[PDB]
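Chemist: Show me the folded form of this:
(2 chains)
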Amino acid sequence: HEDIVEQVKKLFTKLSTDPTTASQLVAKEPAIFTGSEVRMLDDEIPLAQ
Amino acid sequence: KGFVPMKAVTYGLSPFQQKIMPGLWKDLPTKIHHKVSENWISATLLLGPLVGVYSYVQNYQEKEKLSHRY
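Modeler: Numbers count the residues shown, from 1 in each chain, chains lettered A, B, ... in the order given. Provided below are the atomic coordinates:
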């Protein structure tokens, strides 16, 4: 563990610095469930799924 | 007896996501004009021979009633 930490402390130095987390992006566009359906009928296919 | 092989795609919503009642009083002036400018030769053929026969009978009976009076 202590040998990997010193490698990443000098290799990962140049990635970006935006302070937006993932939770601020889920909360301003949430996901909502809707009861509904889609049916695709073909009748030339032998099995139904 | 009941099979027609078919190919189509259908989408459908849930009953508890829509407005059930307000689609009745929606455009009732427009709905009325569509029914009476398309069914006005089927009512001129149903009431026409009845209004014209009732006019004949009431005129016949009002001229043999005034010819029997002294």
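
Chemist: For chain B, which residue gets nearest to chain A?
Modeler: For chain B, the residue closest to chain A is residue B:14, as judged by C-beta to the nearest C-beta, at 3.5 Å. The way it works is simple: take the backbone N, C-alpha and C, and place the C-beta from them, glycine included.

Chemist: quick one: that residue and residue A:33 touch, right?
Modeler: No. Shown here, residue B:14 and residue A:33 do not form a contact pair, counting by C-beta atoms under 8 Å, at 10.5 Å.

Chemist: Between the two, point out the one with more neighbours.
Modeler: A count of neighbours by other C-beta atoms under 10 Å in any protein chain shown puts residue B:14 above the other of residue B:14 and residue A:33, at 10 against 5.

Chemist: got a list of what that one touches?
Modeler: By C-beta atoms under 8 Å, 6 or more residues apart in numbering or on different chains, the residues touching residue B:14 are A:34, A:35, A:36.

Chemist: Tell me who's in contact with the residue nearest to the first one when sequence neighbours are not counted.
Modeler: Leaving aside its sequence neighbours, residue A:34 sits nearest to residue B:17 (C-beta to C-beta, 6 or more residues apart in numbering or on different chains; 6.8 Å). Shown in contact with residue B:17 (C-beta under 8 Å, 6+ apart): A:34, A:35, A:36.

Chemist: Sort out for me which of the contacts of residue B:14 are in strands.
Modeler: Residues of those located in strands (DSSP state E): residue A:36.

Chemist: which of the contacts of residue B:14 count as buried?
Modeler: Taking 16 or more other C-beta atoms under 10 Å in any protein chain shown as the criterion, nothing in the contacts of residue B:14 is buried.

Chemist: and which of the contacts of residue B:14 is nearest chain B?
Modeler: Closest to chain B out of the contacts of residue B:14 is residue A:35 (3.5 Å), distances taken as C-beta to the nearest C-beta.

Chemist: Test my guess that the closest one contacts residue B:12.
Modeler: No. Look at residue A:35 against residue B:12 with C-beta under 8 Å: they stay out of range, at 9.7 Å.

Chemist: distance between stretch B:28-40 and the chain's centre?
Modeler: 9 Å (C-alpha atoms, centre = their mean, to the nearest Å).
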